[PDB]
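In C-alpha cells, the next block holds one chain alone, the form deposited in one PDB entry.
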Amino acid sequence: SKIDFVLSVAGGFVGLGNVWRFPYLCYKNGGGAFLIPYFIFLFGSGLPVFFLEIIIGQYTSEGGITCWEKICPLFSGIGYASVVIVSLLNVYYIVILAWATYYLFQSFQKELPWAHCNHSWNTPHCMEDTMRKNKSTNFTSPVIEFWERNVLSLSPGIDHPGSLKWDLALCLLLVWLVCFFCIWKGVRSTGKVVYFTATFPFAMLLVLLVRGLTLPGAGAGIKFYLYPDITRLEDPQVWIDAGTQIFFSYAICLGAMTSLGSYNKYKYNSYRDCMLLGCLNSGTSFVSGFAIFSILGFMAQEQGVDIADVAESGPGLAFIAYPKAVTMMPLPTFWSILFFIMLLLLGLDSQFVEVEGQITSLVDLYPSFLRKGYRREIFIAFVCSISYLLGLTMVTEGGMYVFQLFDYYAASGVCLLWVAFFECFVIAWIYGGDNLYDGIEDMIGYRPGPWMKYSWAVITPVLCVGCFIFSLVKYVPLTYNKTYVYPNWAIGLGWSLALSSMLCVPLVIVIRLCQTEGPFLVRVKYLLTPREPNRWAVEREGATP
C-alpha cells in the first residue's frame, strides 16, 4: 500500500526549520509574498538539488567530500564549504535548544510565567493581552516581555554584550552534554521506538493547529498568511529568505544528504523518496504556518494592533506565538511541557545528525591521527567543547543580535546559494546532466523526466545567480526586528561567516592546480575527469561510459 512506504522512510524530515524558522521568515518578509518565491524555489531548485545530492551519494557511495572527488576532482572544495557551513550551523543551532530547555524548565510550575505580567522582570508599561482592548502611550504583551526581559535580557545592541546569562549557559551546556553523550555512546537519533519520535511532532502540531484555527482572530491571520503582496516581491531579500529556507529545511548543501544517500542500495528508487520526503517536509512547513499565523491573527485583534506589528520579526516568533497558544488551552502547563519537549526532541534529532555528520567527515578527512578509539573519543569532546564556547557568545545579553548574524549569514543567504549553484553547475554542465541520467536510469530502473535535467542546467543556476546579483544591487543591510541597524563591523563579521565557506570552492581550485604538475591547460583537463565514480561490484553497475 502507501502507509508502509511512509513507514519505511520514517518521519525525520520534520525539524526546527519547519516549526521555528519558516514562520518568522514568512512573518518578517511580509505575509504571503514569502510563498511565491518559496514554491518557485521549492519546485525549481529545492527538490532538484535535494535529489541530486541523494543520487550523488548513492551513485558514488561516498561521504560529503570524497563523493565530489569521485565526480570531479576540481571543484572538490564543495565538501569543505559544506563542512564549514555545518560547523557554523552546529554552533548556532543548539542555542534554539537552549531556549527551548529554558522554557521547558520554566513551564514546571503552577502558573505559566508568561501568562500574566506582574513579575520582577516586567516593565511597568506591560498590560495583559485581554485588557489592552477590553478597556501609557504604548503597552507591551507579557509574552514578548518574558522573551526579551527574562529569556534573552535583550541589550541595546551587539556592541553591548553585557554579562553572561548563567541560566541560559547551563541550558546550553545540558544540551551539549546530551549531544556529546549520545554521539559518544552511539545512541540512535530516534530513542527506542521510532513511533513516538515521529508521531508526537505531528500530534502536537495538529493540536496546536486545531487550537489556532478556532481562535476568534484566526481569519484575519490566514489572509495575512496567504494573500500575497506584490510590492514586497520587488525586494530581493524575500527571494533570498525563501530560497535558502528551502535549503535550510532540506539540509542540503550541508553534506548530510550525500551521506544519507550513501546508505541507499545501488538499485533503489530514491527518486520516489526525495519527492515524498520533500513534499512532506515542505508540506509540514506550510501547514504549521496555518497554526502560528492564526495565533498572530488572534493576538493582533486582541491587542488592537496590526498583524505585521504584533510579535517579533526575527527568531523567537515561535517563542512568542506558540507559548501564547498554550495559554488558551485547558491545562496550560500540561501543553506547555509537551510543546517544548517536542521542540526539543525535533532539534536534538537534527543536531545529533549534523554533529555526528561533521565529526565523521572530520575524522575521515585527517585519518591516522583521529583513529577510532581513544583519539576519536577525545575528538568527540573537542568538537563539542569548541562549539560550546563559540556558542556562548549568543547566550550573553547582547546574544540575540549575534544569533541573527549567524542565522542570516553562516548557514543561509549567499553561502547556501553559492554551494547550491556549484553543485548543480558541476553536475549539469561539467559532468553532464544527460550523463547522470544514464547512471540514474541504471539505479532506479527508469530514466526520469526532463524536470531534473533542466533544473540543474538552467533553473537553479539562474535562481542562484539572479538572486545573488540582485541582492547586491539592491543591498539592504541586515536588521534585527526591523528597527535595529547593525554596525558596519557586525556586517563585516557576518559577511566573514558566509565568506569563510564560500572561499573554500575557489581556494581548493587554487590548491589543486598548484599540486598538479604540467601545462596549465593539461592541468585543468586532468582535474575535471571523474575518477570512476560508480566503482562498486556489490551490485550490478554499468561502467560510466
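The first residue of the sequence shown is number 1, and the count goes up from there. Between two forms, the rigid core is the largest collection of C-alphas that superpose within 1.5 Å.
The following text describes the form deposited in another entry, which does not appear among the structures shown.
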Review point. Superposing on the rigid core, which residue among 475, 334, 366, 382 shifts its Cα by at least 2 Å between the shown form and the other one?
Key: 366
**Study point:** Core-aligned C-alpha movement of residue 13 between the shown form and the other one, 2 Å or more
**Key:** yes
Check your understanding: How does the C-alpha distance between residue 6 and residue 211 change in the other entry compared with the present structure, closer or farther, given a change of 3 angstroms or more?
Key -> farther
Check your understanding: Closer or farther: how do the Cα atoms of residue 12 and residue 199 compare in the other entry relative to this form, given a change of at least 3 Å?
Key -> farther
